[PDB]
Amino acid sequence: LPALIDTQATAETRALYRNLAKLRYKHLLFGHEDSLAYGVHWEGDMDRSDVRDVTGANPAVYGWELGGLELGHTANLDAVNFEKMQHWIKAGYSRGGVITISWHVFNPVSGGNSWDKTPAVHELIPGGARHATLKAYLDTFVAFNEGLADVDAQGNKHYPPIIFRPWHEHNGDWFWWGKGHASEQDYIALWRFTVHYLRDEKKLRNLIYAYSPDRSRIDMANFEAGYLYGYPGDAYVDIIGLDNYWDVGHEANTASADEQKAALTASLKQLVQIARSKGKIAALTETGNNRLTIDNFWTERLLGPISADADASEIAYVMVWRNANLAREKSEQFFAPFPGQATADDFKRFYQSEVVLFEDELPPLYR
């Protein structure tokens, strides 16, 4: 019964959304960022994943990241070559996996990265002096998306559906599009333009739009109000997402493990209730425990609290962040295990659970 904001979405895109809406009651798709590009201990192989090395299966959802595309770079901000990324997206889609894309856009005013807080949103939105820049930036994605297309024997063009998740964690103050650096109304104008430009002016038909505040900056006593800070309206959002590293053991969170588990369940319950009221689909669009230091992280801190409540359980997917390559990134950073890592057997159990789906047990999502 949920309907996409693109009334003309491709058959495959419509089918994905419909099939997520059906499977969410009894299942949870697992996702991983940059999962085919590299792992903690390897880079270069054209068909490998840390996740598959542990479980024998690829993630169901593949996350990818565009930062740097807008600057005409050959590779993204983490040195993922864009041509290889296009081939990895096509490969995952060909196996029936789901594609999601985020975009840590560089600061156009200073040339710094997304964490450079020099104000820019007011200049980028319609009427702003740098509005031409925003168009040029979005045009680089249009071009990237064309490199994902195939043409069938009858001459018809086909694309992978993409869950496009821009301008994330906007209730935080860490990105230049965040609270304190952009007004709420300017953020909304930025989001609305992004949709109007891609969906209406450029006529992309293979996008599903995901909204993703950060949990850590929402007051649990007033969840809906906090979640809806900067919300652009139901005509602009398909997935009611959430980035929640906080309730899964973030080092700065002084709450007890039991309080954290209760808060994870409550956050996802309320997320799902918002989605239900709006006729959308909810998802835990980012989470994880950096360096997987928590014993039985997967079953005790993620799956248990999700499965505890039948509302919380109605999220469609959960994605964890990237497994940065040690040989080149000097800071150890990873969110899925690799063989021999302490949580590997517990991640096998997470995989094995009837609820959780990896690529190998997905139904046909695109028909």
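One rule holds for the numbers: they count along the sequence shown, beginning at 1.
Checked against the record, the higher mean CA B factor of 235-243 and 104-112 lies with 104-112. The stretch 212-220 shows the higher mean C-alpha B-factor when 212-220 is compared against 91-99 in the entry.
Comparing the C-alpha B-factors of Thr140, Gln86, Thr285, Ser256 in the entry, the top value falls on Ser256. Of all the options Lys269, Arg199, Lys117, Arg165, the entry's greatest CA B-factor is assigned to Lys117.
Per the PDB record, residue ranking by Cα B-factor puts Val80 in the middle third of the chain. Among the modelled residues of its chain, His131 has a C-alpha B-factor that falls in the middle third, as given in the PDB entry. Looking at the C-alpha B-factors along this chain, the one for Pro160 belongs to the lowest third. When the modelled residues of the chain are ordered by C-alpha B-factor, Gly44 sits in the highest third.
For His250, the recorded CA B-factor ranks within the highest third of the chain. Only modelled residues enter the ranking.
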